[PDB]
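S.K.: Compute the structure for the input listed below.
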Amino acid sequence: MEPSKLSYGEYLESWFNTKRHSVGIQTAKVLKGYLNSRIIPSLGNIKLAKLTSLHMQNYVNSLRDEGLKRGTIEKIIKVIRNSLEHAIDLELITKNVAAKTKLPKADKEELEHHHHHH
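M.R.: Numbers count the residues shown, from 1 in each chain. Okay, here it is:
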């Protein structure tokens, strides 16, 4: 068993590089525009297994103080979730600690499509 050596920011790069080919280059600029600005100086400096629910809470509280809009809040949470999904896929973590973290009472962007909803 490999220990929790992989820092989340190092992992976000490894996740992002391969994912540019699935999301598209212009879309990818925006995902990493959110990564290095929001997720890296918060959760990225932290180790992948040290990401507890408190860290996702402090992140969502920060988004309020940033004054980020309904779409931005949900999308940056989606990026964290998607990397943690792939971290279960790589068996780095047993459970996605952002899976219970969704957007508050608000919907998506009438501008920006790819609206994930049941």
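S.K.: Neighbours of residue 56, how many?
M.R.: As a burial measure, residue 56 scores 22 neighbours (other CB atoms under 10 Å). All C-beta spots, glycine's among them, are computed from the backbone N, C-alpha and C.
S.K.: Over to the one 10 residues further on?
M.R.: Other residues lying near residue 66 total 13 when counted by other CB under 10 Å.
S.K.: residues in contact with it?
M.R.: Contacts for residue 66 (CB atoms under 8 Å, 6 or more residues apart in numbering) come out as residue 38.
S.K.: Tell me the spacing between it and residue 86.
M.R.: 25 Å (CB to CB, to the nearest Å).
S.K.: Same question for residue 25.
M.R.: On the measure of CB to CB, residue 25 and residue 86 end up 19 Å apart.
S.K.: which one of those two has more residues nearby?
M.R.: residue 86 (17 against 8).
S.K.: Apart from its chain neighbours, what residue comes closest to the more buried one?
M.R.: residue 15 (5.6 Å; CB to CB, 6 or more residues apart in numbering).
S.K.: Could you verify that that neighbour is part of a helix?
M.R.: Yes: judged by DSSP: H, G, I helix; E, B strand; the rest coil, residue 15 forms part of a helix.
S.K.: what about it, how many residues close to it?
M.R.: 20.
S.K.: Residue 42 too?
M.R.: By the criterion of other CB under 10 Å, residue 42 has 17 neighbours.
S.K.: show me what contacts it?
M.R.: 55, 58, 59, 62.
S.K.: And the buried ones among those, selectable in ChimeraX?
M.R.: Command for ChimeraX that selects the buried part of those, burial taken from 16 or more other CB atoms under 10 Å:
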select :55,59
